[PDB]
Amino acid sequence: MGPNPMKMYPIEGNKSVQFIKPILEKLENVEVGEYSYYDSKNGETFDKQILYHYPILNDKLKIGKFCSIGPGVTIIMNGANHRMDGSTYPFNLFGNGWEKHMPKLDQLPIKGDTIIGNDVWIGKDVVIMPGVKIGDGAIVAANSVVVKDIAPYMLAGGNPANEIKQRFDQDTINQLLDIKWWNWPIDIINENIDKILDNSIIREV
């Protein structure tokens, strides 16, 4: 019951809704969760949505399970950070004698890994900046520019994106982070979808 999480394109006949895991497996420094899908903008594959990601830099991108990524969402890793101790001008880029002035890896600023929780909804055209972490259950409004962390089960938006409000009271939130239904076996989940959909799954747990 349910789609094949190994299938790149879960909906037969439809090449717009895609499962990220299959696609990003061929890539390094990227761990993706089962059932997270990307809703193509112009029929593009989610791998083009990840910019400036280089193995040599070693920063990682992690995405949880049951994530809904809207069309146009872009993820910016650290490969485009400029050295900022002095001038930001990439002299080395233009060779002809300038390559000699090339940064040492420890000279380029790395803001860290980018982590996206489970059951996270990212609206369309959302831009996510280097080294950000979006907690489980969070909802990132459309056209947001995420530059700082967002807390679990928080509704957020803007440029810079800011937390607007908690999706539920703290105890309801607290419990969901404990249950972690997204880590339940496919069959147990398939047997509680509706309780998970209306948050009533909390009571029986």
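Residue indices: 1-based, along the sequence shown. Here, rigid core means the biggest group of C-alpha atoms that superpose within 1.5 Å across both forms.
Checklist line | Stretch with larger C-alpha RMS deviation in 7 other deposited structures of this protein, core superposed, 101 to 109 versus 124 to 132 | finding: Taking the RMS over all superposed structures in 7 other deposited structures of this protein, 101 to 109 lies farther out.
Next item on the list: Look over 24 to 32 and 151 to 159 in the entry and identify the one with the greater average Cα temperature factor.
Entry: If you average the C-alpha B-factors of 24 to 32 and of 151 to 159, the larger mean comes out for 24 to 32.
Check: Out of 173 to 181 and 46 to 54, which one has CA B-factors that are higher on average in the deposited record?
Finding: The entry gives the higher C-alpha B-factor average to 173 to 181.
Checklist line | Chain third (lowest, middle, highest) by recorded CA B-factor, residue given as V73 | finding: Within its chain, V73 is a lowest-third residue by C-alpha B-factor, going by the deposited values.
Item checked: Ranked C-alpha temperature factor of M102 among modelled chain residues, by third -> CA B-factor rank for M102: highest third.
Check: In terms of the chain's CA B-factor thirds, is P90 lowest, middle or highest?
Finding: Lowest third, going by the recorded CA B-factors of the chain.
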